[PDB]
């Protein structure tokens, strides 16, 4: 589950921390396998699609998601670094259905880090923004709700027992 959310005003960062009851190698595969990434991003009420996916430096991930209110939006990752299974880094942008930038927002820079924590995994997702205004606008779009949902979906995948 989610264990911390921090908006650092001094660094223009939004950091979400999670703890998962599975090994780092397992969590890595959530992001490395586009069908698993699509799964955790798309619970029944908020469908997602991972369109293109190439988790290697210079690669791209392109996706559709359903926002809190039901609005479809699109986004893309430009992968800048990959260090399996501990970390990957990328630039993220918002886009239209064709994956063309469709807002006045610059990209954010992102580093995901997965480390061993009690035989399980601590995941730290750090997003760095161009300005306070940009970050505020993304917060208002519901970024934290979406990130929390994905984290909870990952939790659900890690156990064979259901509710």
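Residue numbers count along the first chain shown, from 1.
If you average the CA temperature factors as listed in the entry, which stretch comes out higher, 128-136 or 24-32? Going by the record's values, the stretch with the higher mean is 128-136.
Between 10-18 and 139-147 (mean CA B-factor, as deposited), the higher: The stretch with the larger mean CA B-factor is 139-147.
What's the residue among 69, 52, 38, 96 with the greatest CA temperature factor in the PDB record? Within the set 69, 52, 38, 96, 69 shows the top C-alpha B-factor.
When the deposited Cα B-factors of this chain's modelled residues are ordered and cut into thirds, is residue 100 in the lowest, the middle or the highest one? It falls in the top third of the chain.
Based on the entry's values, in what third of the chain does the Cα temperature factor of residue 117 lie: lowest, middle or highest? Ranked within chain, residue 117 CA B lands in the highest tercile.
B-factor third for the C-alpha atom of residue 74 within its chain: It falls in the bottom third of the chain.
Among the modelled residues of its chain, does the C-alpha B-factor of residue 3 lie in the lowest, middle or highest third? For residue 3, the deposited C-alpha B-factor lands in the lowest third.
Tell me, lowest, middle or highest third: where does the Cα B factor of residue 81 rank within its chain? For residue 81, the deposited C-alpha B-factor lands in the highest third.
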